[PDB]
Amino acid sequence: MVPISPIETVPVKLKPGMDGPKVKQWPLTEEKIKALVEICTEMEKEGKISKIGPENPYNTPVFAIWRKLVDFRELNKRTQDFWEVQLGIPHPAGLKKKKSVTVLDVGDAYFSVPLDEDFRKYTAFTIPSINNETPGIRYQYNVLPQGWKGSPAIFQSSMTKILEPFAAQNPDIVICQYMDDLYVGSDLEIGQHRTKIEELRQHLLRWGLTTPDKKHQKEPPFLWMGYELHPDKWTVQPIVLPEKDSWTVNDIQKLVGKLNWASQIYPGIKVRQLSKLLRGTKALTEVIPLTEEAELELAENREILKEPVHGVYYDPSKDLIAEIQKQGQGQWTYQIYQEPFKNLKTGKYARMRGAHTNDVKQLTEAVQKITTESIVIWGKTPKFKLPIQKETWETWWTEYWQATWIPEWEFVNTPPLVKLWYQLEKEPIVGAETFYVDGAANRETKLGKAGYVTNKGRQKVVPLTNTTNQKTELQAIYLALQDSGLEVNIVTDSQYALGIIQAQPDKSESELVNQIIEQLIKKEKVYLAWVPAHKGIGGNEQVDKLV
Amino acid sequence: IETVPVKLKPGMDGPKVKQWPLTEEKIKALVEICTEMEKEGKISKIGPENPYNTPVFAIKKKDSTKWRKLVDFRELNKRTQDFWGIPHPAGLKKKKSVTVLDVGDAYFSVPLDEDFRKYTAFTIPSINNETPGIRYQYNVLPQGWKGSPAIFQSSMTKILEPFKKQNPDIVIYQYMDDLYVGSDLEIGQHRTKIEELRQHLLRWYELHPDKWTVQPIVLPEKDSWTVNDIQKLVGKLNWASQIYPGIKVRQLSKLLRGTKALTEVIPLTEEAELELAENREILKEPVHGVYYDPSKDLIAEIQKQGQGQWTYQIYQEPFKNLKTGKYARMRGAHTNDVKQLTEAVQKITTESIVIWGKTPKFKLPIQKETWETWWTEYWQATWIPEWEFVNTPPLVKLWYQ
Ligand SMILES: Cc1c(Oc2ccccc2OCCn2ccc(=O)[nH]c2=O)cc(Cl)c2ccc(C#N)cc12
């Protein structure tokens, strides 16, 4: 017998202060008992488990469904934390095209790796005897159990350690490692490739790891994790959108998830109108109707999901390009490609939850997202094609109070173009009328007044019902904008209004703010000055709106 | 050669911080560096029984193309037990010139406590999750860890003992992987003395604190004042009255009586000139009751003034500034706001280290996502301060300009 190489065990401990699991074994039928006896007998013969004495005080429940099922949940609660690296999965758009590609699934993955002997006594379980008239048959694991917390991490590290020298000795191939699977790829001739695969599974066999001996059980196209991997292209598995005249919150969540999944290769997917209905969640049972916006959006989604679209694979020798389009209502869509009309992948971005916003900020955020995603998938930042003029971005970042930056990018003229809708003056305007504005409200009656006095003698005060100080302060400015010429100086003591306007929004959740914006857009020059309130500053008439 | 037992704080488990994505060149750099370090026993590969993780990335220091490895030990630092204390040299900030040296390599000689090594675990990530990350843990004292200078304090003392005995006029301070050397010599003599000290450290950044002081609140001096000028002046004085007790604005506000055009010139009354004068005299004096409390955090606020100009204030209690300044240095960041901000944060942190011997918590005028995306690309320091993000434009911007 050729001595199979030994796999060094991983030292495992329990969580501090805890002890091994001790759970009462469930009563099983005579049939189930016989089945488990046969199975565990065979396993014991194979060396996966071993009989133990009555000394072992720990026990884990076992069931039969024949296939056995050891419920390690309590042990999983008592087992230490392990380093999971499985967070994130390989994205098809990141894969570099190879002439030949092989998939190997290891058989008896966990049962091929030895368990730390000092930990084996915590994996003990008992098979109930017939009529329970004899002491139940006692067993413990000698290898990694299916369903245990530490099994994936240990198996993964073991596989990595085993694979390292082969990979080092074969730089002309690439090996991707994912759970119980290995994915090898090379640009070699098919014969050399099959040869190297045979060498690989031989090398794995040296450590006692079994691979498909026949023609490998999986050949292209590969269906994996919702993806379809083809020799020259990739896509997603076909979409399934349920149709019912009565939608629940859970169905909304599933639909949203599926649309999101479809959006990574299908361009133009929108999910806003359907996501707005997820307000007041945690109630999975409900009947929520659909608006015309939502219905048209979903119909348009079916329209896009009508015909199949494929993404290509990554080529490191060509540049990486990301192009962005504005879709409206805080929605953005983007394509990542290298050759025209051949997307590596697609995606979308939705604006955050805010009271005020503008297009430039949203485009910026979208750029950050695409940048991070691209660094994950391809390990580099793509060159950007943005629907914004160079001079627009220039003016923005040069005059913006916050620091901001966009990586290398160029202007692409595909409307609607992101633009700056208004620009406040930095100095007072000569020859322009000066509106001193003010507003005030009563906290109890919610009655207020908003208005202005100007240097030409123009005056106005409007009485308001159901309002606040902030609302009247905005309203005054709005009045001044309404009644002034194309150029106007405005004086306010409202740090609130000044804050809002200095944040530079182009759209708002407040109708009043939006109207103010609409006024600002129509203006040629606006200078907005601030003064302290109640400081006896003439012009600033707090007493005119407090009557 | 003898390991000193190091533990964590009572009731605190090791750091478990997600590694953020890295570009391919940084990954390759870290692969080479960590391979070489592994061949030197400085680090060792670890199994999955180690659940702890600390982020890691790659940078490029000043005047060097060589990639350097930086570990973000912030979480481990705050989870690492308090090491005890050497009183901060209050004369370091008073010295004419100070030079900063990198004594990080010296840490790689001293071995780290075995039982503590599992807490310094880090991961080199792979692109597109194609393979699991390469995991390491430190065997020697890691750079960036707060325990490293504390442990090496005795050694550093024994090493610098002859030099300190030689020049009693030269102040030597240490923070993290850096050694601050202050004196009053000449730049040439300074550089030669630095070569002397570095070759003294071999066989075993010109910074001038004097050219940096605290900044006063100034008021405009005009022959003619517009309504706008007086309004801004009144705003600034009202603001400053939160800091200075005797500031009054009634005689200046008295001038604004009536609804006048903003550009209209208003002559100052004698009472107004008097009031303005008294306000100047008041502002010329230092702030009342401003003390430093080593038990409290230092807070640093930064404002973007535009055209490469940035202002900053370090305080503990609002309106009680311990330091103020204006970084306007242009160094290959003309088109990049984030690079400028990053360099500003580094300089302010450095000054903070020189003055108080600890780092301030920053309030950055930048969106979290932007900063988080780009700040590592321009970072050149071995330490990393704490920060938070201000999303509302502060009115006090032009009052520091
Ligand atoms: C099969 C294959 C891979 O293959 C590759 C393995 C190593 C290096 C490069 C690879 O692919 C580059 C792109 N590509 C892809 C498929 C193909 O047929 N041809 C081709 O060129 C890579 C991955 Cl993540 C896979 C993940 C899951 C499954 C399954 N089931 C199979 C995979």
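To find a chain, count down the sequence lines: A is the first, B the second, and so on, and within it residues start at 1.
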At a heavy-atom separation under 4.5 Å, does A/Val12 approach chain B through its side chain, its backbone, both, or neither?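 For A/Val12, no heavy atom lies under 4.5 Å from chain B.
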A/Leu498 portion near chain B, given a 4.5 angstrom heavy-atom threshold: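 When you check distances to chain B, only side chain atoms of A/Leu498 fall under 4.5 Å.
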Contact class of [X] relative to chain A, heavy atoms under 4.5 angstrom:
X	value
B/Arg250	neither
B/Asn50	backbone
B/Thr123	side chain
B/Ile302	neither

Quick one: does [X]'s side chain have a donor or acceptor within less than 3.5 Å of a partner on [Y]'s backbone?
X	Y	result
B/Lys304	A/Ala403	no
B/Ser253	A/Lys535	yes
A/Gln402	B/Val390	yes
B/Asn238	A/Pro532	no

Heavy-atom pairs under 4.5 Å with chain B: which of A/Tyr178, A/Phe82, A/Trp378, A/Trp405 has the most? A/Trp405
Would you check if B/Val234 and A/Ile537 make a side-chain contact, meaning some heavy-atom pair closer than 4.5 Å?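 In short, these two side chains touch, coming nearer than 4.5 Å.
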Under the side-chain contact (heavy atoms from CB on, under 4.5 Å) criterion, do B/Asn129 and A/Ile89 qualify, and how do the steps go? CA-CA 6 Å; B/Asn129 301 274; A/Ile89 70 179; 6.0 Å; no
Step-by-step side-chain contact (heavy atoms from CB on, under 4.5 Å) determination, A/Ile375 to B/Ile127: CA-CA 8 Å; A/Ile375 288 183; B/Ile127 303 183; over 6 Å; no
Working for side-chain hydrogen bond (donor to acceptor under 3.5 Å, both in side chains), residues B/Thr370 and A/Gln368: CA-CA 7 Å; B/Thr370 309; A/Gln368 330 276 197; 2.7 Å; yes
For the residue pair A/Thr372 and B/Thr373, what are the closest heavy atoms and their distance?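 Nearest heavy atoms, A/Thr372 then B/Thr373: OG1-OG1, 4.2 Å.
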Any idea which heavy atoms bring B/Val227 and A/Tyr436 closest together, and the distance? CG1-OH, 3.6 Å
Do A/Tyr527 and B/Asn228 have side-chain N/O donor and acceptor atoms under 3.5 Å apart? yes
